[PDB]
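# Understanding the architecture of this molecule
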Amino acid sequence: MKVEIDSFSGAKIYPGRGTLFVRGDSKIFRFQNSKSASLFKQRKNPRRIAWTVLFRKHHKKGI
Amino acid sequence: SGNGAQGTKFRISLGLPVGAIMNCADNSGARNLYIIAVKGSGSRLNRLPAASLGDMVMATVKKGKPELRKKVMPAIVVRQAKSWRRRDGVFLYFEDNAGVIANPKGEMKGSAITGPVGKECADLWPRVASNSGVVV
Amino acid sequence: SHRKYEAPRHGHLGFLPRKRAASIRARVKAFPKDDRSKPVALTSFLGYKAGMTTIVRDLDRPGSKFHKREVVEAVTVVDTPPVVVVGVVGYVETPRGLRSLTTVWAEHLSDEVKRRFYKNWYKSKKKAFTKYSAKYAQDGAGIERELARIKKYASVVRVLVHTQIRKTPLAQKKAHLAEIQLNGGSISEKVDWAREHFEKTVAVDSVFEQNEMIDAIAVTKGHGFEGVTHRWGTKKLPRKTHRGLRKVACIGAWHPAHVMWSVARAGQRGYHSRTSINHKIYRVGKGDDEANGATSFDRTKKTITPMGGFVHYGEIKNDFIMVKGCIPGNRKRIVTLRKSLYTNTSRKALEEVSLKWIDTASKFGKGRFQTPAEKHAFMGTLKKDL
RNA sequence: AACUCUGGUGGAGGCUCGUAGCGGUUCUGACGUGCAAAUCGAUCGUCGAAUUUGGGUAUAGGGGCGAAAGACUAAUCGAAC
RNA sequence: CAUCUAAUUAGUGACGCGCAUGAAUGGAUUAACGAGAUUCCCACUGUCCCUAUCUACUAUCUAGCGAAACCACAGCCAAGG
RNA sequence: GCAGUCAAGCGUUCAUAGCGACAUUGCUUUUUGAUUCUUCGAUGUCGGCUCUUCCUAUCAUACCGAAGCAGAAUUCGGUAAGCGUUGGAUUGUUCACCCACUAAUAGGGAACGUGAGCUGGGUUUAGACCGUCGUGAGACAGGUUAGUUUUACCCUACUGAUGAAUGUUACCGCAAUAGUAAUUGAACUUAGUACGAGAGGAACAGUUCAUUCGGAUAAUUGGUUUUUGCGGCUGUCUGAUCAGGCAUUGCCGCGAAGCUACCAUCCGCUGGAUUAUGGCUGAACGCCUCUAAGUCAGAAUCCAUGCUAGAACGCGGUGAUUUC
Ligand SMILES: [Mg+2]
Ligand SMILES: [Mg+2]
Ligand SMILES: [Mg+2]
Ligand SMILES: [Mg+2]
Ligand SMILES: [Mg+2]
Ligand SMILES: [Mg+2]
Ligand SMILES: [Mg+2]
Ligand SMILES: [Mg+2]
Ligand SMILES: [Mg+2]
Ligand SMILES: [Mg+2]
Ligand SMILES: [Mg+2]
Ligand SMILES: [Mg+2]
Ligand SMILES: [Mg+2]
Ligand SMILES: [Mg+2]
Ligand SMILES: [Mg+2]
Ligand SMILES: [Mg+2]
Ligand SMILES: [Mg+2]
Ligand SMILES: [Mg+2]
Ligand SMILES: [Mg+2]
Ligand SMILES: [Mg+2]
Ligand SMILES: [Mg+2]
Ligand SMILES: [Mg+2]
Ligand SMILES: [Mg+2]
Ligand SMILES: [Mg+2]
Ligand SMILES: [Mg+2]
Ligand SMILES: [Mg+2]
Ligand SMILES: [Mg+2]
Ligand SMILES: [Mg+2]
Ligand SMILES: [Mg+2]
Ligand SMILES: [Mg+2]
Ligand SMILES: [Mg+2]
Ligand SMILES: [Mg+2]
Ligand SMILES: [Mg+2]
Ligand SMILES: [Mg+2]
Ligand SMILES: [Mg+2]
Ligand SMILES: [Mg+2]
Ligand SMILES: [Mg+2]
Ligand SMILES: [Mg+2]
Ligand SMILES: [Mg+2]
Ligand SMILES: [Mg+2]
Ligand SMILES: [Mg+2]
Ligand SMILES: [Mg+2]
Ligand SMILES: [Mg+2]
Ligand SMILES: [Mg+2]
Ligand SMILES: [Mg+2]
Ligand SMILES: [Mg+2]
Ligand SMILES: [Mg+2]
Ligand SMILES: [Mg+2]
Ligand SMILES: [Mg+2]
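Rules behind the numbers
For each chain, numbering restarts from 1 and follows the sequence as written, which can differ from how the entry numbers it; residues lacking coordinates are not listed. Labels are handed out in written order, letters beginning with A for the chains and numbers beginning with 1 for the ligands. Shown here is not the whole assembly but part of a larger one, and the values apply to the part shown. For side-chain calculations, the full set of non-hydrogen atoms in the structure is used, while hydrogens and water are omitted. Residues with missing side-chain atoms are left out of burial classes, side-chain pairs and their counts. UniProt positions are given in the numbering used here, feature names are shortened, and annotations may be inferred rather than shown by experiment. To be near a molecule or strand, a residue needs just one of its heavy atoms within 4 Å of it. Pairing of N or O atoms within 3.5 Å defines a polar contact, subject to two protein rules: one partner must be a possible hydrogen donor and the other a possible acceptor, and residues neighboring in sequence count only if both atoms are side-chain atoms. Numbering goes from the N terminus for both helices and strands, where a helix is a DSSP run of H or I of at least four residues and a strand is a run of E of at least two. Each residue gets one label: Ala, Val, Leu, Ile, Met, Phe, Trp, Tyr, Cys and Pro are nonpolar, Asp, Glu, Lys and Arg are charged, and the others, such as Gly, are polar. Contacts are residue-level and defined by heavy atoms, with any inter-residue pair within 4.5 Å sufficient. When two parts are brought into contact, each loses some accessible area as probed by a 1.4 Å sphere; the total of that loss over both is the buried area. Here, a salt bridge means any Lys or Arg side-chain nitrogen found within 4 Å of an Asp or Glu carboxyl oxygen. By definition, no residue in a patch forms a salt bridge, and every one has over 30% relative accessible area; like charges are joined within 9 Å, nonpolar side chains (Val, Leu, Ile, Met, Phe, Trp, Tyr) within 5 Å. Note on areas: Shrake-Rupley with a 1.4 Å probe; residue coverage comes only from the protein chains shown. Only protein chains enter the area calculation, which uses a 1.4 Å probe; residues under 20% of their type maximum are buried, those over 50% are exposed, and those in between are partly exposed. Whether two strands pair comes down to DSSP finding at least two bridges between them. Only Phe, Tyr and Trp rings take part, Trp by its six-membered ring, and two of them pair if their centres are within 6.5 Å. Stacked means planes under 30 degrees apart, edge-to-face means over 60, and tilted covers everything else. What is meant by a nonpolar core is a set of buried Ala, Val, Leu, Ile, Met, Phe, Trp, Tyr and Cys residues, joined one to another through side-chain atoms within 4.5 Å.

Under the PDB entry, the name given to chain B is 60S ribosomal protein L23-A, and the source organism is Saccharomyces cerevisiae. According to UniProt, the comment filed for chain B under the heading Subcellular location is "Cytoplasm". Quoted verbatim from the Sequence similarities field of UniProt, the annotation for chain B is "Belongs to the universal ribosomal protein uL14 family."

With the PDB entry as reference, chain A is termed 60S ribosomal protein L24-A, source organism Saccharomyces cerevisiae.

Okay, structure coming up:
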């Protein structure tokens with residue numbers, strides 16, 4: 001019973017939610033939802049998407 | 001599927017019908033595999049025989065060595081690139097479609113698989129799992 | 001000449017006619033075989049379908065690849081308040097079938113079940129059972145006479161129950177009234193059980209247990225007039241075709257010079273009464289209970305209701321049946337849950353199920369949080385003074 | 001040495017891409033008791049000349065006219081009305 | 001026969017005692033051109049596997065207006081003749 | 001095309017395990033001949049696609065009998081049409097042939113099923129080229145290329161939908177009848193066991209999955225997006241700002257809800273009576289014999305349980321039944 005972390009948004013993934021993507025260099029990317037999956041597939045940087053965990057700790061939002 | 005398979009398989013979503021060209025993961029000298037059939041397929045009118053991960057397919061080689069080209073040969077699908085659900089709830093998919101050349105008894109023609117391999121394929125075919133590196 | 005390429009027949013010829021059901025409450029056409037040794041108990045129970053959610057549990061299936069591993073499963077939640085018992089009905093075997101011999105009603109009926117007898121309740125004088133309630137006058141002689149008739153005759157005893165729909169997040173206010181056959185022995189003991197339980201409520205934990213196969217009898221979701229491709233599953237005709245491709249192209253030979261009943265045609269889809277068997281009860285949950293959505297492995301004090309209510313239904317404040325998979329009927333709909341008509345011992349039954357986690361994330365979106373406390377702990381504080 | 005090469009200039013062509021225009025390939029789309037006794041939509045061919053076209057004039061039925069299909073000659077053509 | 005394919009009554013390259021090829025009733029070839037006919041490859045795609053969904057306008061119901069084709073009489077079958 | 005009778009013979013011996021000459025007797029209308037009986041004041045002419053039903057002359061599946069049946073695999077046959085019977089290259093093809101999967105890729109009918117269902121590839125009304133024939137106009141069941149596929153709103157049939165009458169009205173039911181549905185495979189185990197000199201090599205019970213079909217459902221994943229929900233972007237217009245208009249839904253990204261997908265999940269019941277066949281008791285026929293009387297087991301069959309509709313002229317129980 002494991003809660004994963006979304007590789008784009010840092011969102012907590014409960015069982016069943018979102019998808020898992022295995023890249024050509026076999027790196028596992030877990031996505032909580034299709035929003036994160038599509039933004040990853042658009043090659044968007046999570047550090048510039050203003051609601052992600054990576055953005056908020058890069059900008060020191062709420063700490 | 002038939003002979004060589006070590007166990008059963010839960011149903012994986014079919015993503016590779018006939019006519020699908022997948023990459024050739026092993027080092028046997030082929031570059032792609034063109035799926036001409038699926039072993040253990042179902043006989044329904046108009047319905048294409050469709051493969052999924054871990055399935056043994058009949059395949060030709062469209063790009064590769066001339067000694068592998070223009071022949072029918074068995075292959076095993078090792079990567080699917082179509083989203084399928086595991087019974088642990090995880091809908092996963094790969095980046096590309098990939099298979100390895102084998103003989104009908106399941107032993108693999110090549111010696112080393114380049115890339116990840118699905119866990120159902122590795123558990124169904126021990127010769128794929130022996131030469132596989134990372135599994136999923 | 002022949003078919004040239006054999007294919008299976010589209011659709012099922014035994015689920016015909018594909019028409020609208022006579023009512024929303026799909027009738028139970030078979031109750032379990034009466035074992036006359038067991039105690040007297042209901043064989044069905046009435047609920048309202050709240051919605052589906054997701055569980056995680058360790059699968060105990062030896063020989064399976066997922067033995068002692070966690071499986072993620074869909075469950076249907078049936079919001080299930082206790083039913084009130086308001087009558088009994090006696091059934092006499094005749095050479096033309098069962099025959100209702102007499103009904104005996106309880107003395108006081110609530111306005112929920114009194115509303116069932118009225119098409120315009122707001123206008124009425126509400127005079128229903130006002131002279132039946134005078135049959136209980138000074139010794140209940142005319143009631144004990146009819147109950148003695150049910151004891152003397154009446155090889156089958158059914159009880160009249162009604163849902164408590166004001167305990168349910170529905171705008172309907174009008175109860176659903178149904179006969180449930182009393183299994184459990186001695187026709188006298190069945191009538192005595194019903195007479196003790198007049199005006200009393202029977203809860204769902206007295207009917208159903210966990211790890212029990214049950215049957216779901218419900219009218220399915222209505223889909224209007226539908227064409228033959230989505231009604232029957234027929235192949236869409238090729239793109240070049242004239243006058244339409246969501247059709248059946250040949251609806252019969254020249255001879256017989258008639259369209260056959262077995263030719264797939266357009267018409268009503270959905271709103272059909274369906275019985276679907278062998279759904280495993282994963283939780284008999286209590287309404288006087290927080291930690292409905294908590295398991296022994298979770299221990300997060302949360303109820304079965306998702307964040308922001310069950311979508312298009314409401315929130316569950318009553319007892320409920322969490323059952324495995326999909327049952328017929330859409331949400332808000334009356335559903336009859338019935339005990340199994342056969343003793344199933346197939347090792348998919350008889351399996352003790354312990355839930356590890358129940359999904360209470362919002363079904364109104366792609367919800368990420370299980371509790372508002374979890375939302376607060378993740379998101380931190382907000383501009384609204386969170 | 002006969003003479004070669006390069007950069008500009010220039011603006012030719014029954015040349016090209018493509019509007020208007022002129023046609024009418026495919027959908028064998030729509031319509032098919034039609035908007036229409038031949039249209040509508042998309043897609044097309046061509047678009048500076050053997051071009052497109054108005055007005056005037058000439059050729060009349062076993063006759064005309066025809067870059068030729070027995071085509072066209074007033075919804076009439078293997079002989080108009 | 002070869003090649004193209006896993007497989008080709010298709011395509012291409014050859015062979016030629018060619019039912020019945022052939023030299024301005026033109027023979028062979030040919031760059032460019034072609035809404036011509038054909039084959040393969042890449043790209044691409046609901047052509048398909050295998051169908052789903054959305055929009056507008058219909059259809060539908062209403063107020064108004066209001067035809068036509070067709071019509072011996074009509075309208076449930078099975079078998080017999 | 002498919003059967004049957006006789007049995008010289010083939011089958012190491014041995015007519016009939018399996019075949020079977022010379023004869024001979026039949027079946028079917030799924031080929032083709034024969035007729036010209038209906039249609040010439042239009043029965044739309046092949047093939048394919050779609051979809052339904054029917055037949056059994058059974059390919060597979062179920063249960064069995066026989067073998068030159070040791071096992072495995074086969075071969076012959078019985079009940080049996082319940083349930084399936086494919087994906088492709090070439091060709092307009094039906095047919096063929098090959099690749100390949102499969103339990104199996106059985107044969108047929110339904111106006112050579114099915115064109116107001118489609119398509120128009122074939123035959124082909126006018127165009128055109130060739131070959132041969134003809135002096136020629138022209139001919140060719142010779143090749144090639146192009147060639148308008150119209151109408152339902154009527155009756156019935158089918159599919160769904162109402163509905164007068166039953167004193168009225170409402171609730172809860174019964175179930176006559178009609179339909180009915182599940183299908184098949186593999187891996188593990190039995191077990192390298194039985195059987196066999198070996199080579200080889202099973203089955204039943206058990207368990208886990210899968211094929212095809214069906215009925216739902218939308219928690220999840222995917223799809224859809226006029227939530228024109230939020231953001232962005234181009235061009236223009238509102239003097240700039242803010243906020244907007246138009247671009248026949250302007251475009252791009254995300255997008256709840258709803259609908260939906262073997263592209264997602266769930267679910268798909270067990271009793272009885274039988275066929276083939278193998279038997280029991282037992283005469284006829286003092287013996288024998290499954291059969292004659294009687295009787296046992298037994299198929300994917302049949303009928304029920306279960307499921308769907310409920311007779312709108314089938315029925316029941318129950319509530320209330322109108323004046324100041
Ligand atoms: Mg097809
Ligand atoms: Mg057939
Ligand atoms: Mg069928
Ligand atoms: Mg019943
Ligand atoms: Mg609807
Ligand atoms: Mg719809
Ligand atoms: Mg219809
Ligand atoms: Mg459900
Ligand atoms: Mg939702
Ligand atoms: Mg020019
Ligand atoms: Mg040009
Ligand atoms: Mg132009
Ligand atoms: Mg002009
Ligand atoms: Mg047209
Ligand atoms: Mg029309
Ligand atoms: Mg008009
Ligand atoms: Mg003249
Ligand atoms: Mg001519
Ligand atoms: Mg004219
Ligand atoms: Mg080809
Ligand atoms: Mg050639
Ligand atoms: Mg030209
Ligand atoms: Mg309208
Ligand atoms: Mg309208
Ligand atoms: Mg008459
Ligand atoms: Mg008749
Ligand atoms: Mg006539
Ligand atoms: Mg006609
Ligand atoms: Mg006709
Ligand atoms: Mg037979
Ligand atoms: Mg047989
Ligand atoms: Mg039959
Ligand atoms: Mg049938
Ligand atoms: Mg025909
Ligand atoms: Mg017809
Ligand atoms: Mg037609
Ligand atoms: Mg043609
Ligand atoms: Mg109408
Ligand atoms: Mg059955
Ligand atoms: Mg469905
Ligand atoms: Mg404009
Ligand atoms: Mg706009
Ligand atoms: Mg299905
Ligand atoms: Mg005896
Ligand atoms: Mg017998
Ligand atoms: Mg007898
Ligand atoms: Mg018996
Ligand atoms: Mg039973
Ligand atoms: Mg009735």
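## Considering the protein's contact with RNA strand F
Neighbouring residues of RNA strand F: 147 residues in total, closest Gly 16 of chain A, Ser 13 and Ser 43 of chain B together with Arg 18 and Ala 266 of chain C. Take the atoms of RNA strand F that sit within 4 Å of the protein: sugar and phosphate atoms are 85% of them. In this structure, a phosphate oxygen belonging to RNA strand F sits 3.0 Å away from a main-chain N or O atom of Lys 363 of chain C. Counting residues per element, the surface near RNA strand F draws most heavily on strand β5 (residues 97-105) of chain C, which supplies eight residues. Among the residues making up the surface near RNA strand F, the classes are represented as 50 nonpolar, 53 polar and 44 charged.

## Some thoughts on the interface of chain A and chain C
Frequently, the measure chosen for interface size is the accessible area removed from exposure when the parts meet. Each partner contributes residues to the interface: chain A has 12 residues there, and chain C has 16 residues. Carbon and sulfur atoms make up 53% of the surface buried where chain A meets chain C, a total of about 1100 Å² over both sides. Three residues, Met 1, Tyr 14 and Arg 17 of chain A, lead the burial of chain A against chain C; their summed loss comes to 46% of the area buried on that side. At the junction of chain A with chain C, the criterion picks out one salt bridge. When the shortest N-O distance is used, the salt bridge between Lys 12 of chain A and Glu 374 of chain C registers 3.6 Å. Run the count over chain A and chain C and you get three residue pairs in polar contact.

## Digging into a nonpolar patch on the surface
All names here are of chain C. Taken together, the side chains of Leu 13, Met 260 and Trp 261 present a nonpolar region at the surface, about 330 Å² in accessible area. Residue placement: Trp 261 occurs in the loop between α4 (228-232) and β11 (267-268). Owing to a relative accessible area of 60%, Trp 261 belongs among the exposed residues under this scheme.

## Quick notes on unusual backbone geometry
Backbone geometry follows two general trends: most residues other than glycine have a negative phi, and most peptide bonds adopt the trans configuration. The omega torsion of the bond from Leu 16 of chain C to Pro 17 of chain C falls at -5 degrees, within 30 degrees of zero and hence cis. Within the secondary structure, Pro 17 of chain C sits in the segment before β1 (41-42). Residue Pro 256 of chain C follows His 255 of chain C across a cis peptide bond; omega there is 10 degrees. For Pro 256 of chain C, the position within the fold is in the loop between α4 and β11. A positive phi angle, near 65 degrees, is found at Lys 70 of chain B, a position not held by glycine. Inspection of the secondary structure puts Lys 70 of chain B in the loop between β5 (56-60) and β6 (73-79).

## Points about the pairing of strand β6 (residues 156-162) of chain C
Residue and element names in this part refer to chain C. Of all seven residues in β6, seven are buried; the element is thus mostly enclosed. The alternating pattern of β6 places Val 156, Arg 158, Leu 160 and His 162 and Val 157, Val 159 and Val 161 on opposite faces, both of which are buried. Pairing of strand β4 (residues 83-94) with β6, which is carried by seven bridges, proceeds in the antiparallel orientation. In the sheet register, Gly 87 faces β6, and the bridge partner there is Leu 160. Looking at chain direction, β6 and strand β7 (residues 177-183) are connected through five bridges and run antiparallel. Along β7, the bridge assignment pairs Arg 158 with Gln 181.

## So, the packing of aromatic side chains
Tallied over the entire structure, the rule returns 15 aromatic pairs over all chains. Measuring from centroid to centroid gives 6.5 Å for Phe 29 of chain A and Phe 31 of chain A, while their planes differ by 15 degrees, and the two rings are stacked. The pair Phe 29 of chain A / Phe 31 of chain A is uniform in exposure class, with both members buried. Taking the centre distance of 5.8 Å and the plane angle of 70 degrees together, the rings of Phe 10 of chain B and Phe 66 of chain C count as edge-to-face. Of this pair, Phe 10 of chain B sits in the segment before β1 (16-17) while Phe 66 of chain C sits in the loop between β2 (44-59) and β3 (69-79), which puts the two residues in different chains. Judged by relative accessible area, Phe 10 of chain B falls into the partly exposed class, the value being 33%. Among the aromatic residues, those joined into a cluster by ring pairs are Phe 21, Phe 29, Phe 31 and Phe 40 of chain A together with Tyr 93 of chain B.

## Considerations on the pattern of salt bridges
Residues and elements named next belong to chain C. Overall, the coordinates contain 23 salt bridges over all chains when judged by the stated rule. For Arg 36, the salt bridge identified is with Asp 34, shortest N-O distance 3.3 Å. For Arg 36, a relative accessible area of 44% translates into the label partly exposed. Given a relative accessible area of 24%, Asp 34 falls into the partly exposed group.

## Some remarks on the side chain of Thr 360 of chain C
Along the chain, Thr 360 of chain C falls in the loop between β15 (355-358) and α5 (372-379). Setting aside anything within four residues of it in sequence, one finds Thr 360 of chain C in contact with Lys 302, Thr 303, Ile 304, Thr 305, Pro 306, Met 307, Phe 369 and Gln 370 of chain C.

## Overview of the nonpolar core
Counting 67 residues, the largest nonpolar core has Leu 42, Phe 208, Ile 321 and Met 322 of chain C as its most contacted members. The element best represented in this core is β2 of chain C, accounting for five residues. Sequence-distant contacts of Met 322 of chain C, that is, excluding residues within four places in its chain, are made with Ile 55, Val 75, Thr 76, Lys 280, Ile 281, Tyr 282, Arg 283, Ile 304, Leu 355 and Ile 358 of chain C. Formed by 24 residues, the second largest nonpolar core is a distinct cluster that contains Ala 5, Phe 94, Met 108 and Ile 113 of chain B.

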